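*Asks:* This is the structure I want to talk about, given as C-alpha cells.
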Amino acid sequence: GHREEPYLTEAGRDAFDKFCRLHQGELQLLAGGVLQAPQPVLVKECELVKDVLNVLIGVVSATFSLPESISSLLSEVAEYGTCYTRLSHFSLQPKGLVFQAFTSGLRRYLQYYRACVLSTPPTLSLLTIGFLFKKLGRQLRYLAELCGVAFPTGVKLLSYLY
Amino acid sequence: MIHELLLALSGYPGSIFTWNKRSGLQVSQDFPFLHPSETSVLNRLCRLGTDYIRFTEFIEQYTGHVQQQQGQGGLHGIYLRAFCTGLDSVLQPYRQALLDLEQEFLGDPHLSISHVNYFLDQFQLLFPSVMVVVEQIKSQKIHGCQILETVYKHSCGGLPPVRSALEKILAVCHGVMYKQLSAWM
Amino acid sequence: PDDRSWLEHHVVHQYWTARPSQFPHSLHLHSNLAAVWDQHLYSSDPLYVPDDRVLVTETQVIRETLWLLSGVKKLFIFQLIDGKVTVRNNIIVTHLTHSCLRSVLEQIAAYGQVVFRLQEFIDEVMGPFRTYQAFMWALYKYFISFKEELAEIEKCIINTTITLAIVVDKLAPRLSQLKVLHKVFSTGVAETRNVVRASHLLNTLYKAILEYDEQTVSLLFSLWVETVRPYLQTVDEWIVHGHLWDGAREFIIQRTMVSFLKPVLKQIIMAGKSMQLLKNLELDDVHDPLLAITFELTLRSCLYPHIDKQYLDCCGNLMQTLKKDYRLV
C-alpha cells in the first residue's frame, strides 16, 4: 500500500484552521496588510463552554468590554448576558411599596435564571447551550424592554402593568 | 469545511460562506485547490441555512418585541404570533439533526459529504413549501382569520412531511380562536 | 512549505487541474500497459501524432463514477455536450490503452444519462398537479435509499480490493432496477388538460404490474401505491362527505375511463349522488389494513367489499327516509 491520500473536504478542525490561515494570507496579500486580526486559533469549544457558563452567572473573563468566526456565533449569546446584568443593576436598589413588590418579583425571576445554569449542564456542547437558550433568551430580553433598564411607579405603574 | 458547515447551518455565516441577500449563502469557490465534485453538494446545502436565517429572523422580528404601542394582521396581531410560535417548534428536528451530526464528526472526522446531504434531504422538500406560505401572507396583507384558511388550503398536498409539519402551527392558530370563543360566548 | 506542503502531500490535487501528473509504479508491462502500447506505436512510425492524455490513477475513477451514478453533477471526468453524459477522452491511467477505458466509461455513462434525466424531472417539481407530484415522490423515495447504498459503499473505499468491474456487479441488483423507471416515465412524458395527462399516467402502472405478474414486480408495486395515493383520498372524500371536489378536473368524473376502478365505477357514482340527496334531509383506514393481509386483480376484488357494503348502507338509509316523511308508497 501507498495510502490513497484523502480529500480535504472530508477533513477539518485541523485542516479548517490551516485553510482559514491560507484564506487570510490570500486576503492580506490582496489588501496589502492593512487588516491585522488577533488570535486566528483559540478559542476552542470546551473553554468557550466554561466561559459562557461563567457569562450566565453575571461575570466575565474580561473578553468583552462595556478559529475566529465563532465570534459571529458568540455575539448573539453574548448580547443576552449584556442585558441580563442590566436587569440586576436595576434590582441593586433595596421607591413605591407596589414598586418594591414588583422589583422583588423580578429578583424572584432572576433566581430562576441563576438556578437553571450550573444545574442543567454537565458540560454539554456549545450549540446545545445556544439552542436551549434561544427560546429562553429572547424571552429574557423581552423583559428588558418591559423594565426601565423614567419608569412608572405607583398608580402610573399599577394601571400600566394592568 | 467540516466544523464550518455546522457553523454556517446553525445560522451564523462563516468566513467562507459569503452572506448576501441576492445569493444567500454561497461559497467563494475560487481556491487554487478546488475540486469540481465538492461544488454541487455545497450548492445544494447552502439553501437550507439561507431559509433558516429568514425563519428565525421573522420569528424574532414579529413575536415578543412590542408591549402594545393602524395595526395589520399580516405583520402583527395574534394570529401571526401564533403562526410564529408554531413555526419555531416545527424547526426543532432541524436543530436536533444538526446536534446529531456533530457526534458523528467527533467519533471520526473522515465522513463523506454525501452522507450529510443524505441527512439533510428530508428537510429539503419541506423548507421551500413553507417559504411560499410566509411569502403569500406578507405580500397579500392577509388579515386575521384569513391566515387560518391559507395554510389549510396549502395542507391539501400529498407530501407527508408538509402535512405533518403544517398541522401543529394550524393547531396553535386554532387555539387562540378557541381562546377568544371561550370568553365571547 | 507550511500550508502548501500540507496541500501537496495529503490532498490528491494534480489531475483535475492543468498540471502534469507524476506517479510512481512498478513498471514491466502487465500494468505498465499504456506506455508499452505507446512505445510500440511510436516504434511502428506513426508519424508523430503528439497525443496528450494528462494522467489519472485508478481509484479516483471509481469514486467519480460512483458520484455520477448517484445523480449529482459537475465532475471533472464525464463531459457532456447536449445533456447526455459521455466519456472525457483526455485521460489515461497506466493501462486500459484508452480504448477499454473509452468503452467502460461509456457503459456507465449510459446509466448516468438514465439517472440524470430523472433527477432533472425531479428538479422541475422542486423549483399543483397532485398526481404527477405523487409519481415524482415515488421516484424520490426510491432514489434516497439507492443513494444510501452507494454512499455506504463509498465509505468502504477510505478503509478489501476494489476495482471498476467489482462495483458494477455489486450494483447489479439496482442498475437492473433503474432501467425500468427510464421506460415507465418516458412513456409518461410522450403522451392539454390535467385529467387526461393523469389518467393515461395512472393506467400505465396498473397495466405494467400485470405484465410481469420475482423482484421487479415488488419495485413496480411500491411505486404504484405512492402513485395511487391521491385517488383513494378523493374517493373516500366523495363517499363520506357526499360531494366531489376537484382542483379544476382532478377526477375523470364530472359532477376517458380508467381500468383501475372501472368494474366498480358504477357503484361509486351512485354513491356520490345518493349522499348529497341524503345530506338535504375511514375507507383509507380499511384499505391500508388490506395491504397487511392474480395480484392486483383478485386482491383488488377484496377492496371492493369495503366500498360496496358502505354504499348499500348509504342508499338503503336514503330509501328508508324516503318511504317515511314524503312517503312514496
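Protein chains in written order, with the entry's author numbering: chain L, 305 to 370, 390 to 417, 425 to 479, 494 to 506; chain K, 1 to 69, 76 to 191; chain J, 210 to 336, 357 to 388, 391 to 422, 427 to 448, 455 to 496, 547 to 572, 637 to 648, 682 to 717.
By construction, the Cβ of each residue, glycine as well, lies at the ideal position given by its N, Cα and C atoms.
I need the straight-line Cα distance from residue 432 of chain J to residue 566 of chain J, nearest angstrom please.
*Replies:* Taking the first residue of the third sequence as position 1, residue 432 of chain J is located at position 197. Taking the first residue of the third sequence as position 1, residue 566 of chain J is located at position 275. Computed Cα separation, rounded: 29 Å.
*Asks:* Mind checking if residue 496 of chain L is an interface residue toward chain K, Cβ cutoff 8 Å exclusive?
*Replies:* One-based indexing of the first sequence puts residue 496 of chain L at position 152. By this cut-off, residue 496 of chain L is not an interface position.
*Asks:* Look at the alpha carbon of residue 359 of chain J and the alpha carbon of residue 109 of chain K, and state the distance between them as a whole number of angstroms.
*Replies:* As a working note, residue 359 of chain J is residue 130 in the third sequence. As a working note, residue 109 of chain K is residue 103 in the second sequence. So the two alpha carbons sit approximately 39 Å from each other.
*Asks:* Should residue 572 of chain J go down as buried or exposed, given a rule of 16 or more other Cβ atoms within 10 Å for buried?
*Replies:* What you label residue 572 of chain J is simply residue 281 of the third sequence in a count that begins at 1. Exposed is the call here.
*Asks:* Select from the stretch 211-239 of chain J all residues with a C-beta closer than 7 Å to any C-beta belonging to chain L, and list them in chain order.
*Replies:* Flagged, chain order: 212, 215, 219, 220 and 221.
*Asks:* Scan the stretch 111-141 of chain K for residues whose Cβ lies nearer than 9 Å to a Cβ of chain J and list them as they occur along the chain.
*Replies:* The stretch 111-141 of chain K vs chain J, Cβ under 9 Å: 116, 117, 118, 120, 121, 123, 124, 127, 128, 130, 131 and 134.
*Asks:* How about residue 81 of chain K and residue 153 of chain K: do their beta carbons lie closer than 8 Å?
*Replies:* For this step, residue 81 of chain K is matched to residue 75 along the second sequence. For this step, residue 153 of chain K is matched to residue 147 along the second sequence. Contact: no.
*Asks:* Would you kindly check if the distance between the Cβ of residue 230 of chain J and the Cβ of residue 284 of chain J is under 8 Å?
*Replies:* As a position in the third sequence, residue 284 of chain J is number 75, starting the count at 1. As a position in the third sequence, residue 230 of chain J is number 21, starting the count at 1. Not closer than 8 Å, so no.
*Asks:* I need the straight-line Cα distance from residue 473 of chain J to residue 396 of chain J, nearest angstrom please.
*Replies:* As a position in the third sequence, residue 473 of chain J is number 232, starting the count at 1. As a position in the third sequence, residue 396 of chain J is number 165, starting the count at 1. Roughly 45 Å between the two C-alpha positions.
*Asks:* Would you kindly check if the distance between the Cβ of residue 245 of chain J and the Cβ of residue 309 of chain L is under 8 Å?
*Replies:* Start at 1 with the first residue of the first sequence, and residue 309 of chain L comes out as number 5. Start at 1 with the first residue of the third sequence, and residue 245 of chain J comes out as number 36. Not a contact, by the Cβ cut-off of 8 Å.
*Asks:* Who pairs with residue 17 of chain K in a beta bridge, going by DSSP?
*Replies:* Looking up residue 17 of chain K in the second sequence gives position 17. Residue 17 of chain K pairs with K/27.
*Asks:* What first and last residue would you give for the alpha helix (DSSP H) that runs through residue 494 of chain J?
*Replies:* As a first step, residue 494 of chain J must be located in the third sequence, where it is residue number 253. Careful: residue 494 of chain J lies outside any alpha helix (DSSP H) and carries neither H nor E.
*Asks:* Three or more C-beta pairs under 8 Å: does that hold for the stretch 374-388 of chain J against the stretch 401-416 of chain J?
*Replies:* Touching, yes, given that three or more Cβ pairs across the two stretches are closer than 8 Å.
*Asks:* For the pair the stretch 318-330 of chain J and the stretch 288-308 of chain J, tell me if three or more CB-CB distances fall below 8 Å.
*Replies:* Contact between the stretch 318-330 of chain J and the stretch 288-308 of chain J is present, because at least three Cβ pairs lie under 8 Å.
*Asks:* Distance, Cα to Cα, residue 696 of chain J vs residue 558 of chain J?
*Replies:* Counted from its first residue, the third sequence places residue 696 of chain J at position 308. Counted from its first residue, the third sequence places residue 558 of chain J at position 267. For residue 696 of chain J and residue 558 of chain J, the distance between alpha carbons rounds to 7 Å.
*Asks:* With a threshold of 8 Å between beta-carbons, can residue 77 of chain K be considered close to chain J, or not?
*Replies:* Here residue 77 of chain K is taken as the residue at index 71 of the second sequence, counted from 1. Cβ-Cβ to chain J under 8 Å: no for residue 77 of chain K.
*Asks:* Tell me the start and end of each unbroken beta strand (DSSP E) in the stretch 331-363 of chain L that is at least 3 residues and wholly inside, in chain order.
*Replies:* DSSP runs (the beta strand (DSSP E)) wholly in the stretch 331-363 of chain L: none.
*Asks:* In three-state DSSP terms, what is residue 296 of chain J?
*Replies:* Sequence index remark: in the third sequence, residue 296 of chain J carries index 87 (1-based). Reduced to three states, the DSSP call for residue 296 of chain J is coil.
*Asks:* What span of residues does the alpha helix (DSSP H) with residue 8 of chain K cover, start to end?
*Replies:* On the second sequence, position 8 is the one that residue 8 of chain K refers to. It spans 2-9 - the alpha helix (DSSP H) in which residue 8 of chain K sits, taken as one unbroken run.
*Asks:* With 9 Å as the C-beta to C-beta threshold (strictly closer), list the residues of the stretch 457-478 of chain L near chain K in chain order.
*Replies:* Listed in sequence order: 457, 458, 460, 461, 464, 465, 468, 469, 471, 472, 475 and 476.
*Asks:* Give the interface partners of residue 326 of chain L over in chain J, defined as CB-CB distance under 7 Å, in chain order.
*Replies:* To locate residue 326 of chain L, count along the first sequence from 1; it is residue 22. Within chain J, the residues near residue 326 of chain L are 212.
*Asks:* Between residue 2 of chain K and chain L, is the shortest Cβ-Cβ distance under 8 Å, so that the two count as touching?
*Replies:* In the second sequence, residue 2 of chain K corresponds to position 2, counting from 1. Output row for residue 2 of chain K: interface = yes.
*Asks:* Three Cβ pairs or more, each shorter than 8 Å: is that satisfied between the stretch 87-102 of chain K and the stretch 170-179 of chain K?
*Replies:* Taking 8 Å as the limit for Cβ pairs, the verdict is that the stretch 170-179 of chain K does touch the stretch 87-102 of chain K.
*Asks:* Rounded to whole angstroms, what's the CA-CA distance from residue 322 of chain L to residue 382 of chain J? Just pull it up for me.
*Replies:* What you label residue 322 of chain L is simply residue 18 of the first sequence in a count that begins at 1. What you label residue 382 of chain J is simply residue 153 of the third sequence in a count that begins at 1. If you take the alpha carbons of residue 322 of chain L and residue 382 of chain J, they lie about 30 Å apart.
*Asks:* Which chain K residues sit within Cβ distance under 9 Å of residue 336 of chain J?
*Replies:* As a first step, residue 336 of chain J must be located in the third sequence, where it is residue number 127. Going along chain K in sequence order, the residues near residue 336 of chain J (Cβ under 9 Å) are 134.
*Asks:* Less than 8 Å between the CB atoms is what I'm expecting for residue 409 of chain L and residue 474 of chain L, so what's the real figure, rounded?
*Replies:* Counted from its first residue, the first sequence places residue 409 of chain L at position 86. Counted from its first residue, the first sequence places residue 474 of chain L at position 144. Sure, about 6 Å apart at Cβ, within 8 Å.
*Asks:* Do residue 428 of chain L and residue 501 of chain L come within 8 Å of each other at the CB atom, strictly closer than that value?
*Replies:* Within the first sequence, residue 501 of chain L is the residue found at index 157, counting from 1. Within the first sequence, residue 428 of chain L is the residue found at index 98, counting from 1. Yes; because the gap between Cβ atoms is below 8 Å, this pair is in contact.
*Asks:* Drop a sphere of 10 angstroms on the beta-carbon of residue 212 of chain J, count the other beta-carbons inside from all chains shown, and report buried for 16 or more, exposed for fewer.
*Replies:* Residue numbering aside, residue 212 of chain J sits at position 3 when the third sequence is read from its first letter. Classification for residue 212 of chain J: exposed.
*Asks:* Ends of the alpha helix (DSSP H) at residue 228 of chain J?
*Replies:* Here the question's residue 228 of chain J lines up with position 19 in the third sequence. Taken as a continuous stretch (DSSP letters only), residue 228 of chain J belongs to no alpha helix (DSSP H), as it is neither H nor E.
*Asks:* What's the call for residue 368 of chain L, buried or exposed, on a 16-neighbour Cβ count within 10 Å?
*Replies:* Counting from one through the first sequence, the residue named residue 368 of chain L turns up at place 64. Its Cβ having fewer than 16 others within 10 Å, residue 368 of chain L is exposed.
*Asks:* Look at the alpha carbon of residue 705 of chain J and the alpha carbon of residue 698 of chain J, and state the distance between them as a whole number of angstroms.
*Replies:* Translated into positions along the third sequence, residue 705 of chain J becomes position 317. Translated into positions along the third sequence, residue 698 of chain J becomes position 310. For residue 705 of chain J and residue 698 of chain J, the distance between alpha carbons rounds to 11 Å.
*Asks:* By the DSSP assignment, the alpha helix (DSSP H) with residue 502 of chain L in it spans what residues?
*Replies:* Counting from one through the first sequence, the residue named residue 502 of chain L turns up at place 158. It spans 499-502 - the alpha helix (DSSP H) in which residue 502 of chain L sits, taken as one unbroken run.
*Asks:* Give me the Cα-Cα distance between residue 172 of chain K and residue 143 of chain K, rounded to the nearest whole angstrom.
*Replies:* Position 166 of the second sequence, counted from the first residue, corresponds to residue 172 of chain K. Position 137 of the second sequence, counted from the first residue, corresponds to residue 143 of chain K. Cα-Cα distance, rounded: 15 Å.
*Asks:* Taking all protein chains shown into account, do 16 or more other C-beta atoms lie within 10 angstroms of the C-beta of residue 101 of chain K, making it buried, or fewer, making it exposed?
*Replies:* For the purposes of this step, residue 101 of chain K is identified with residue 95 of the second sequence, where counting begins at 1. The residue is buried, with at least 16 neighbouring Cβ atoms inside 10 Å.
*Asks:* At a Cβ threshold of 8 Å, is residue 54 of chain K touching chain L?
*Replies:* Within the second sequence, the letter at position 54 stands for residue 54 of chain K. No, residue 54 of chain K lies away from the interface with chain L (no Cβ there is under 8 Å from its Cβ).
*Asks:* Can you list the residues of chain L that residue 62 of chain K reaches, using a CB-CB cut of under 9 Å?
*Replies:* Stepping through the second sequence from its first residue, residue 62 of chain K is reached at position 62. Within chain L, no residue comes near residue 62 of chain K; the closest Cβ sits about 12 Å away, beyond 9 Å.
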